[PDB]
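*Asks:* Shown below is the structure under consideration.
We place every Cβ from the backbone using ideal geometry, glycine too, and count neighbours over all the protein chains shown. The values are calculated or read from the model by the stated rules, or taken from the named source; none is laboratory data.
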Amino acid sequence: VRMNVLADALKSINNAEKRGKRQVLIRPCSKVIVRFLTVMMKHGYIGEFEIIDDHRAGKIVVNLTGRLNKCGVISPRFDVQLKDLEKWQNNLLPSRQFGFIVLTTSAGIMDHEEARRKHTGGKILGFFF
Amino acid sequence: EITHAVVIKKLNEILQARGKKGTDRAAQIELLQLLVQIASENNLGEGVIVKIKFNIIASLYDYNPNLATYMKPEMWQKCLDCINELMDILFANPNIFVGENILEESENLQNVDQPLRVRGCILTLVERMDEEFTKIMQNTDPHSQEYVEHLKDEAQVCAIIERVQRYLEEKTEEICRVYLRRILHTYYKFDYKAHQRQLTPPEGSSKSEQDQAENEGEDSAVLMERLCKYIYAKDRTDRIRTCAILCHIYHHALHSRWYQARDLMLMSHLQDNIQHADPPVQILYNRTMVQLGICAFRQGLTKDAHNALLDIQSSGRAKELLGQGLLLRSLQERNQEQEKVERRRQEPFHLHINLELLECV
Amino acid sequence: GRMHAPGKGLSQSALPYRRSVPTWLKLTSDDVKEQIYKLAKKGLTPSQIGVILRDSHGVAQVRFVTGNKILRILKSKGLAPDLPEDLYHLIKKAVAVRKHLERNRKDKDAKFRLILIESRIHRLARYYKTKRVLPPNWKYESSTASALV
Amino acid sequence: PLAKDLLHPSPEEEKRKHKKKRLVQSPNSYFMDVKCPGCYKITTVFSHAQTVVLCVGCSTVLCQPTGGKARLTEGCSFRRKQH
RNA sequence: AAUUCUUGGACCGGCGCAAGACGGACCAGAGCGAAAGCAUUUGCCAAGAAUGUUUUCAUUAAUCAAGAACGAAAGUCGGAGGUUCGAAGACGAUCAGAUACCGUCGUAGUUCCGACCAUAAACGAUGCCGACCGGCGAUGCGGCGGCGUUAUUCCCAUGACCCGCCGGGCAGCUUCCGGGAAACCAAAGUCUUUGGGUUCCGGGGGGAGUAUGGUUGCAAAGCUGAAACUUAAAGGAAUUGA
């Protein structure tokens with residue numbers, strides 16, 4: 001069955017980006033996917049996207065810019081304490097220059113650099129570089 | 001065989017395979033026939049056959065999957081019999097028998113919405129039968145004897161729209177539908193039917209009570225037409241007073257005086273109204289308007305006939321009386337017209353009408 | 001895919017976007033509720049009632065015309081059956097299979113299909129027990145299953 | 001092809017696609033006013049009926065249920081209705 | 001070739017009768033089934049996937065220690081049956097030898113009913129559930145739209161073809177999707193740019209599926225299952241030779 005919805009959504013973007021498609025329709029829309037994609041947009045890896053309401057779980061059409069090497073998920077949602085965010089961002093990300101670990105904290109869904117600044121640990125969602 | 005509990009639950013699983021694709025169609029009437037012939041007890045065979053008897057003759061119109069085709073001489077015959085066994089049991093037991101409480105069973109059909117329009121389900125069989133017969137006449141070679149062999153059934157159809165006419169336990173006000181179906185089998189009837197029972201000099205030839213009961217049906221129009229005039233002009237719908245009065249006008253013609261008839265034509269104002277009406281009535285108008293001048297011709301008025309029968313014969317479409325004519329323009333609509341074509345025997349003759357526009361002029 | 005089969009059928013109803021009621025429909029909320037009562041009184045399950053309504057009368061959903069769902073309407077007026085009409089049909093099916101299997105003891109396929117049906121009864125029965133629409137005593141056992149209609 | 005508007009597909013694409021796999025799913029069925037020639041009245045019938053719909057007081061059978069769409073009786077004017 | 005059968009008429013032709021097996025060709029890279037498996041006609045009994053749906057319930061779901069149902073063939077016990085074929089047997093040939101291949105007979109068995117057995121190269125040597133990622137032409141079942149041909153002559157309406165579309169299914173051809181040691185694979189892809197969920201299970205070759213205990217069985221045997229000792233290789237795909 002469909003256990004993880006964010007996992008499906010990020011595999012769909014990743015497959016479409018490799019194949020060189022210009023936009024992709026990720027199906028089962030959720031608050032966690034939208035809040036993930038806003039962060040991904042604010043750093044400028046995706047374009048503007050449009051979420052499509054049928055009276056169910058919505059759909060999303062993401063306009064893709066060819067500047068996304070990988071967007072992955074970590075399952076299960078491990079409880080990243082603040083000091084251990086180094087060893088996570090060490091072994092997940094390409095270099096210390098670019099790439100982001102997005103993790104769901106007390107405040108909201110935000111990347112490792114913001115969570116480090118705000119002084120908050122939380123549960124890991126995924127990574128994008 | 002038991003307490004009407006094994007005949008209301010075997011009449012609730014053989015009128016359940018009705019219409020379905022694995023219908024059988026033919027040997028379903030047999031299982032509706034083998035719930036009356038193995039029904040040989042009171043209220044289990046000799047009381048409540050009525051509810052079965054509605055769905056034994058309703059099972060005979062469904063034998064034909066199409067509604068553009070006609071019942072075969074075999075099927076047509078047995079359904080003129082089974083409509084009469086209905087009337088053998090609904091005459092000599094004056095009451096309602098798809099409800100209206102008497103004791104308990106097997107009547108009392110209240111739980112079923114209205115035990116009144118399932119009761120009014122006899123007028124809609126004799127109305128369905130009245131229309132079913134017209135197809136028997138529309139599909140025969142009219143210059144063949146097989147037309148006459150079928151018109152011998154017209155003494156048997158006129159009988160049941162009379163046997164289920166006298167029956168006044170309607171449930172005037174709501175009976176007028178069977179009145180129009182009756183007058184429709186009297187409006188085109190001739191002199192020697194309507195005259196030569198009045199014209200046999202009323203002395204010791206026709207002055208006994210039931211010897212003067214063949215004298216009922218000359219002016220049945222007087223009684224039943226006004227009832228389809230001033231109850232229906234009080235009531236909801238329109239159709240059964242527009243049609244009712246033109247049958248009256250056409251029957252105050254060809255065996256009665258002009259002055260009596262022409263008044264009715266101008267009373268109802270169908271000279272400048274029958275424009276938004278439906279074609280099935282819009283021809284009955286043309287049929288009437290043609291007979292007007294034909295009977296004006298009969299008495300002597302040989303220029304009153306002329307100036308009335310101009311706009312009909314003027315056209316190449318002088319078949320607004322009869323079976324329609326020639327060339328194409330939407331074939332699917334011309335199949336909606338072969339189901340309109342009025343019956344052969346009723347038709348005003350055309351070599352007789354052209355011989356009143358070159359004999360009046 | 002299917003619970004007790006290798007099939008992957010994609011074939012169900014697809015409701016329209018618009019939850020609104022159509023203009024042509026002259027039946028009101030209470031008129032539909034009055035007919036829902038009469039159909040159920042005659043002896044008919046919420047599945048059949050919804051079918052008979054939208055075939056003959058023209059009622060896409062009772063939920064859109066009225067406020068509530070068909071069983072929810074029935075069990076307010078108090079016409080609803082005691083055990084649900086899906087667990088009823090599974091039990092009646094298990095009775096018909098088991099009766100056929102009583103005479104045909106060499107039917108090894110009927111034996112296997114009885115295990116799948118009775119497994120599906122057990123599976124659905126406990127869902128209803130947690131939601132508390134069955135008394136926690138409730139036990140489907142084949143000997144006293146034929147008596148449950 | 002890389003560039004396809006998945007937001008604005010032309011309506012021949014959506015009518016082609018399976019009813020569940022359109023951009024927003026919608027039923028392939030409809031309602032239609034069907035009347036037999038004899039009576040005056042129009043009764044609502046669902047496209048994929050699956051019951052034998054009768055004209056009032058058992059006048060005659062109106063539609064026959066099949067695998068997909070229902071066979072309407074020969075000699076019946078049907079007007080599919082829209083909202 | 002011989003063993004064997006036959007003037008007590010074999011083999012061959014004809015007409016009958018009885019028995020017990022099996023369902024040819026049609027029969028396909030077709031269908032159904034959880035797998036093993038399943039084919040003459042008709043009837044009865046219960047089940048089932050797929051399609052169709054503007055019906056219903058509303059998270060009831062996915063995979064699974066324990067426990068449980070079915071499980072080709074051979075094998076075992078009791079009953080009925082024994083036409084064909086046929087382990088062991090008995091001979092006839094072949095050969096240096098032949099306890100074999102070839103031949104003539106032929107017992108258990110091969111078939112049915114009721115009880116055990118539980119393994120097969122039980123194979124796609126490829127767990128099940130879910131998502132995404134190319135193209136093309138067929139094929140089986142269901143639905144939908146469409147020139148026209150044809151059967152009911154009376155054609156509405158049904159079947160048989162014809163041209164597309166949608167959903168499941170057995171497959172096919174094609175390609176720098178991509179993967180791989182290669183062979184090859186739209187999955188064996190989406191993997192150092194490594195995490196969707198979950199059960200079983202492998203750790204150089206032998207000893208060894210062996211000993212020992214325990215457990216199931218009437219028995220054969222099944223399931224669980226080591227160690228001492230021995231050894232530098234055994235092996236998988238592909239290339240050039242012979």
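*Asks:* Quick one: in the stretch C:56-101, of everything that is small (G, A, S) and near RNA strand E (Cβ under 8 Å from one of its atoms), which residue is nearest to D:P65 (Cα to Cα)?
*Replies:* C:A60
*Asks:* Is it true that C:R18 is of a type in the set (K, R) and either assigned by CATH to the domain that holds C:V133 or under 21 Å from D:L54 (Cα atoms) (or both)?
*Replies:* no
*Asks:* Does D:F46 meet the test of being farther than 26 Å from B:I57 by Cα and touching a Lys or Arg at 6+ places or on another chain (Cβ under 8 Å)?
*Replies:* yes
*Asks:* Same structure again: Only one residue in B:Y250, B:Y187 is in contact with a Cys (Cβ under 9 Å, 6 or more places away or on another chain) and not basic (K, R), so which one is that?
*Replies:* When all the criteria are applied, what remains is B:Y187.
Table: residues versus (1) buried (at least 18 other Cβ atoms within 10 Å of the Cβ); (2) within 15 Å of B:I89 (Cβ to Cβ).
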{"site": "B:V7", "(1), (2)": "yes, no"}
{"site": "B:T23", "(1), (2)": "no, no"}
{"site": "B:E46", "(1), (2)": "no, yes"}
{"site": "B:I52", "(1), (2)": "yes, yes"}
{"site": "B:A58", "(1), (2)": "yes, no"}
{"site": "B:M71", "(1), (2)": "yes, no"}
{"site": "B:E74", "(1), (2)": "no, no"}
{"site": "B:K78", "(1), (2)": "no, no"}
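*Asks:* Quick check on the stretch C:58-67. Is at least one of its residues exposed (fewer than 14 other Cβ atoms within 10 Å of the Cβ) and of a type outside the set (V, I, T)?
*Replies:* Within the stretch C:58-67 (the criterion being exposed (fewer than 14 other Cβ atoms within 10 Å of the Cβ) and of a type outside the set (V, I, T)), the answer is yes, since at least one residue qualifies.
*Asks:* Return the pair list, or none, for Cβ contacts closer than 6 Å from residues in the stretch B:14-34 that are more than 14 Å from every other protein chain (Cβ to nearest Cβ) to residues that are hydroxyl-bearing (S, T, Y), at least 6 apart or on different chains.
*Replies:* Close Cβ pairs (under 6 Å, with a partner that is hydroxyl-bearing (S, T, Y)) amount to B:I29/B:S59.
*Asks:* Among (1) surrounded by 14 or more Cβ atoms within 10 Å (Cβ to Cβ); (2) over 30 Å from D:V56 (Cβ atoms), where does C:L74 come up short?
*Replies:* (2)
*Asks:* I need the full set of residues from the stretch B:48-75 which are out of contact with any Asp or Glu (no Cβ under 8 Å at 6 or more places or on another chain) and among the small types (G, A, S), in order please.
*Replies:* B:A58, B:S59 - these are the residues of the stretch B:48-75 that are out of contact with any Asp or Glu (no Cβ under 8 Å at 6 or more places or on another chain) and among the small types (G, A, S).
*Asks:* Among the residues of the stretch A:1-28, how many are under 22 Å from C:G1 (Cα atoms) and not in a helix (DSSP H, G or I)?
*Replies:* 7
*Asks:* Hey, another quick one. Of these, A:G44, A:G20, which one is within 10 Å of RNA strand E (Cβ to nearest atom) and among the small types (G, A, S)?
*Replies:* The unique qualifying residue is A:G20.
*Asks:* What number of residues within the stretch D:16-34 satisfy the criterion of being farther than 12 Å from C:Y17 by Cβ and out of contact with any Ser or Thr (no Cβ under 6 Å at 6 or more places or on another chain)?
*Replies:* Matching residues across the stretch D:16-34 total 10.
*Asks:* How many residues are in a helix (DSSP H, G or I) and within 8 Å of chain D (Cβ to nearest Cβ) if we restrict to the stretch B:110-126?
*Replies:* 1
*Asks:* While we're here: Consider B:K171 carefully, then state whether it is within 14 Å of another protein chain (Cβ to nearest Cβ) and within 25 Å of B:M87 (Cβ to Cβ).
*Replies:* yes
*Asks:* On the basis of being surrounded by fewer than 15 Cβ atoms within 10 Å (Cβ to Cβ) and more than 14 Å from chain D (Cβ to nearest Cβ), does C:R126 make the cut?
*Replies:* Spelling it out, C:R126 is indeed surrounded by fewer than 15 Cβ atoms within 10 Å (Cβ to Cβ) and more than 14 Å from chain D (Cβ to nearest Cβ).
*Asks:* Also: Among strands (runs of 3 or more DSSP E) lying entirely in chain D, which contain 2 or more residues that are within 11 Å of chain C (Cβ to nearest Cβ) and surrounded by 13 or more Cβ atoms within 10 Å (Cβ to Cβ)?
*Replies:* Because the criterion is at least 2 residues that are within 11 Å of chain C (Cβ to nearest Cβ) and surrounded by 13 or more Cβ atoms within 10 Å (Cβ to Cβ), the strands (runs of 3 or more DSSP E) in chain D that meet it are D:31-35, D:43-46.
*Asks:* A follow-up question, please. Need pairs with beta-carbon distance below 8 Å; first residue closer than 19 Å to C:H4 by Cα and within the stretch C:97-113, second of a type in the set (K, R) and near RNA strand E (Cβ under 6 Å from one of its atoms); sequence gap 6+ or separate chains.
*Replies:* C:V97/C:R113
*Asks:* Based on this model, can you work out whether C:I115 counts as within 8 Å of RNA strand E (Cβ to nearest atom), of a type outside the set (D, E, K, R) and not assigned by CATH to the domain that holds C:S47?
*Replies:* yes
*Asks:* Any chance you could count how many residues in the stretch D:43-83 are closer than 21 Å to B:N335 by Cα and more than 14 Å from RNA strand E (Cβ to nearest atom)?
*Replies:* 2
*Asks:* Out of (1) surrounded by fewer than 16 Cβ atoms within 10 Å (Cβ to Cβ); (2) assigned to a loop (DSSP other than H, G, I, E, B); (3) within 13 Å of RNA strand E (Cβ to nearest atom); (4) away from chain D (no Cβ under 14 Å), the odd one out for A:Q97 is which?
*Replies:* (3)
*Asks:* Take the stretch C:6-55 and flag every residue that is charged (D, E, K, R), within 6 Å of RNA strand E (Cβ to nearest atom) and loosely packed, with under 13 Cβ neighbours inside 10 Å.
*Replies:* C:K8 - this is the single residue of the stretch C:6-55 that is charged (D, E, K, R), within 6 Å of RNA strand E (Cβ to nearest atom) and loosely packed, with under 13 Cβ neighbours inside 10 Å.
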